[PDB]
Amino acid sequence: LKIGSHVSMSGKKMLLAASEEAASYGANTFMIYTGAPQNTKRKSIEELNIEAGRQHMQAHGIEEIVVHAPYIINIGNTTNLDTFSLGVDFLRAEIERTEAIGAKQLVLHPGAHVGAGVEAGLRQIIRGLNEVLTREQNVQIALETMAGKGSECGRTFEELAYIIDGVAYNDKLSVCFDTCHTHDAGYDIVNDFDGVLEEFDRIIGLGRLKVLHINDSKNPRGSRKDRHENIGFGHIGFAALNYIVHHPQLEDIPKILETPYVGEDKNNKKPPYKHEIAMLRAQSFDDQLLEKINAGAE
């Protein structure tokens, strides 16, 4: 099973640090943004230290990398035309960076209507994707299932299907399924994950599911809040999350944790990934996981 987490793509080491971080958590896959997750400021390809990173990955059993576009990209914006056009330009460049890094999937929050309404937002996202995609690219944009917080589009499978249907080179589109987002959007992944996966297959198609984000949620089903929670400490729970991670239909899909760092105070936060990955591999919930992370225990 391919299980990992988001890791930082930063500093002078860039991809090498990302791989070192992933290996330190016992991950065999990882997800990175191509720079700061909250902005479009980026380094050149040469500065990404890709060959050092890939050599380290090979030496540590890391077989697949996923890339995520900055969360500020908004090709659903119909109000600020610079936001839209800059998003389009950035994504074209991001696909080239992703191809250079050797990842096949570039995760993208579809877009947000920011007040123009879902219908308008969906039309705009289709326009943006049609301006971005080339027939030659060897990367797929994995549209992420969203929680529906704010003005997010992509809260339902039908919204994603509508976008996909409007894109010419839609063979370049895939989907990233996030457990916190789908639960928050209203899908019953706690009691009927198979039903949600079947609904996904019927509306979008499992052939397009290329990345999984494994997160518990701080809120009830349908809350539309998007506040991730450590594995088994939220409203989704260990049993459901573990079931998804080991699902017979999702064996070849990378599973990426994006759970919150652990710590009572803001100035002392530690990654939970090593412990969460081991817990999921053991298939046994550990009620003292947060205690252990907040002390350095195993």
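Each residue number is its position in the shown sequence, starting from 1.
In this entry, the higher average B-factor at the C-alpha atoms falls on 264 to 272, of the pair 28 to 36 and 264 to 272. If you average the C-alpha B-factors over 140 to 148 and over 193 to 201, the higher value belongs to 193 to 201.
The maximum CA B-factor among the listed residues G207, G76, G115, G102, taken from the PDB record, is found at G102. Across the residues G234, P70, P254, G61, the deposited record lists the maximum Cα B factor for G61.
Sorting the modelled residues of the chain by their CA temperature factor places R135 in the highest third. Ranked by C-alpha B-factor against the other modelled residues of its chain, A282 falls in the highest third. The PDB entry assigns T98 a C-alpha temperature factor belonging to the lowest third of its chain's modelled residues. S5 sits in the lowest third of its chain by CA B factor, as recorded in the PDB entry. The entry lists a Cα temperature factor for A168 that places it in the middle third of the chain's modelled residues.
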